[PDB]
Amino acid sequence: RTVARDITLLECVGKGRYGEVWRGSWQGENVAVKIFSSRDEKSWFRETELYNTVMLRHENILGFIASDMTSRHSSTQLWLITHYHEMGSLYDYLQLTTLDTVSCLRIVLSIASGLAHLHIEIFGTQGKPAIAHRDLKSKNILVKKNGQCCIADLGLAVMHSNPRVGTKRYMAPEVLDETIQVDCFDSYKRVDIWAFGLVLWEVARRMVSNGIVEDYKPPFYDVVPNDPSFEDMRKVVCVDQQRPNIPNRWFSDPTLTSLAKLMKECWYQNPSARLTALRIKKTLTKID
């Protein structure tokens, strides 16, 4: 039989230190092709090892298609091929649109659903190890046409049944002050919950209430520079214990009032006090 492996690369939709992401076509279907830089080859190996261990399939997890290593003259080429989401990342989407109550809740519940799926160990033969993402942020969430999102980029993920770090802006206090209990898998889940709370804040700002909305801003936009240093973040999050500001106007809206409470419970200094992804999901299903 013929094994069709050609992928037509059509447009570059992202470029960074990690390499590039391309919209491509295989057998008439859109795919996304992440071409890894040499600097980020470990992310391809980690995501490939994870998917070789457990073939994750979930509506709120970016859908895997293939991992490819191709030998070249003096180098190795590494591609990750996934489903393609033409609306782009949540980071991109929130810059050009505001949200109503239903759309806001649908986004955040779908993220919580993908995150709880990663976090939970499932036993039996169609089960999965528990997984922590370790780089959750709005650029690593994609928006689907049906209004739900999916979580992307498991290049830093850890499974439970040289060392790298996530994006500094989204790092939890215990990462920045180096107290994280690196031998406890639950510690990594709690780092994800902190970052989820920041994403919740980014989304909520874009939900209209009483004719008011906030402009899109990244977490800590008002207290750290672009490309904040580790020390910049440590001073804000650990030393001064600052948290993203909740605007007054949210307290006139029942949804945003509830989401503010939820955020706060993701942002406790004590990691063990933070809500779990499953508890976040339940709370979200009862809002509105």
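So that the term is clear: the rigid core is the largest set of C-alpha atoms that superpose within 1.5 Å between two forms. Residue numbers here begin at 1 and follow the sequence given.
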query: Hey, after superposing on the core, which one moves around more in 6 other deposited structures of this protein, 164-172 or 187-195, CA-wise?
result: 164-172
- prompt: If you line up the core and then measure how far each C-alpha sits from this form in 6 other deposited structures of this protein, which stretch comes out higher, 76-84 or 196-204?
  reply: 76-84
query: Is residue 98 without coordinates in at least a third of the other compared PDB entries of this protein that model the residues flanking it?
result: no
- prompt: Does residue 125, which is modelled here, drop out in at least a third of the other compared PDB entries?
  reply: yes
- request: Please count the deposited residues lying between residue 146 and residue 147 that the model leaves without coordinates, and give the class: none, 1 to 3, 4 to 9, or 10 or more.
  value: none
- prompt: Comparing 218-226 with 30-38, which has the greater mean CA B-factor as deposited?
  reply: 30-38
task: Look up the CA B-factors in the entry and say which stretch, 272-280 or 5-13, has the higher mean.
output: 5-13
Deposited CA B-factor, highest of 110, 74, 82, 140: 74
task: For the C-alpha B-factor as written in the entry, point me to the maximum among 127, 114, 88, 197.
output: 127
Within-chain third of residue 63 by Cα B-factor, per the entry: lowest
- request: Sorting the chain's modelled residues by C-alpha B-factor, tell me whether residue 93 ends up in the lowest, middle or highest third.
  value: middle
message: Lowest, middle or highest third: which one holds residue 167 when the chain's residues are ordered by CA B-factor from the entry?
response: lowest
query: Taking the C-alpha B-factors as the PDB entry records them, is residue 192 in the lowest, middle or highest third of its chain?
result: lowest
task: Select lowest, middle or highest to describe the third in which the CA B-factor of residue 78 falls within its chain in this entry.
output: middle
